[PDB]
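First up is the structure itself, then whatever we jot down about it.
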Amino acid sequence: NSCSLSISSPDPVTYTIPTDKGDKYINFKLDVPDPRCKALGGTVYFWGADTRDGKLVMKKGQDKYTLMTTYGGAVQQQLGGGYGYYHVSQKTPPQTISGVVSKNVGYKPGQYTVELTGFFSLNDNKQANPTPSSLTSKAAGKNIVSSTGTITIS
């Protein structure tokens, strides 16, 4: 089938910097419709502009910062981030992506924008687990989505 993951970031996340290393996660609400597409395993693959592989970047105006974004939500244990996929069933809820700020920095206050993709690798006709090798042609044929959320530094 032909399906994609939603991207809904619910307003800027409030980054509390109590001790600089406070750290917080920015939530992007991803969701794949049609249980038929989800039945494959609806593997969640996302990437932004982070410095490691591409995860997320907080940017406002001319201030873009690359942070190590590793997501949770429903991720398998902790194997997340770029190429961090989970096993979605036809009855699995939307997949939430969480972005982690460079807590080694302690950025300056501001409402930054975070760019994220987050498609699901669809296999069709299997109902078990999609092929991660399909990521090699990610932009080709696959319904890669992209949105921009927000991070309020505090």
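What are the residues in region 65-83 that are of a type outside the set (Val, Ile, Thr), surrounded by fewer than 22 Cβ atoms within 10 Å (Cβ to Cβ) and touching a residue at least 24 places away in the same chain (Cβ under 8 Å), if any?
The first filter runs over region 65-83 and keeps only residues of a type outside the set (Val, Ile, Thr), leaving 65, 67-68, 71-74, 76-83.
Then drop every residue that is not surrounded by fewer than 22 Cβ atoms within 10 Å (Cβ to Cβ), which leaves 65, 68, 72-74, 76-79, 82-83.
Passing the criteria: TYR65, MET68, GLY72, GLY73, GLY82, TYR83.
Under the condition of being within 26 Å of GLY110 (Cα to Cα) and of a type in the set (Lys, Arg), which residue from region 50-91 is farthest from the chain's Cα centre (by Cα)?
This residue is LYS60.
Go through (1) over 30 Å from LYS60 (Cα atoms); (2) surrounded by 13 or more Cβ atoms within 10 Å (Cβ to Cβ) for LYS103 and report which single condition fails.
(1)
Could you list all residues from region 1-36 that are more than 25 Å from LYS103 (Cα to Cα) and surrounded by 22 or more Cβ atoms within 10 Å (Cβ to Cβ)? Outline the logic, then answer.
Going residue by residue through region 1-36, those that are more than 25 Å from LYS103 (Cα to Cα) are 1-6, 31-36.
Answer for region 1-36, where residues must be more than 25 Å from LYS103 (Cα to Cα) and surrounded by 22 or more Cβ atoms within 10 Å (Cβ to Cβ): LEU5, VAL32.
Do we find a residue being among the basic types (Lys, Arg) and touching a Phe, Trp or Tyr at 6+ places or on another chain (Cβ under 8 Å) anywhere in region 139-152? First the steps, then the outcome.
Narrowing region 139-152 to residues among the basic types (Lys, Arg): 142.
If we keep only those that are touching a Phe, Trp or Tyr at 6+ places or on another chain (Cβ under 8 Å) too, we end up with 142.
Yes, because at least one residue in region 139-152 is among the basic types (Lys, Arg) and touching a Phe, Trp or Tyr at 6+ places or on another chain (Cβ under 8 Å).
Would you check which residues across region 51-64 are surrounded by fewer than 21 Cβ atoms within 10 Å (Cβ to Cβ) and not β-branched (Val, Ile, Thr) and list them? Explain how you work it out, then say what you get.
So in region 51-64, the residues surrounded by fewer than 21 Cβ atoms within 10 Å (Cβ to Cβ) come out as 51-54, 59-64.
Passing the criteria: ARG52, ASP53, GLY54, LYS59, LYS60, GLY61, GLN62, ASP63, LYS64.
Here the Cβ is made from the backbone with ideal geometry for all residues, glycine too, and neighbour counts use every protein chain on show. Laboratory data are not the source of any read-out in this text; all were calculated from the coordinates shown.
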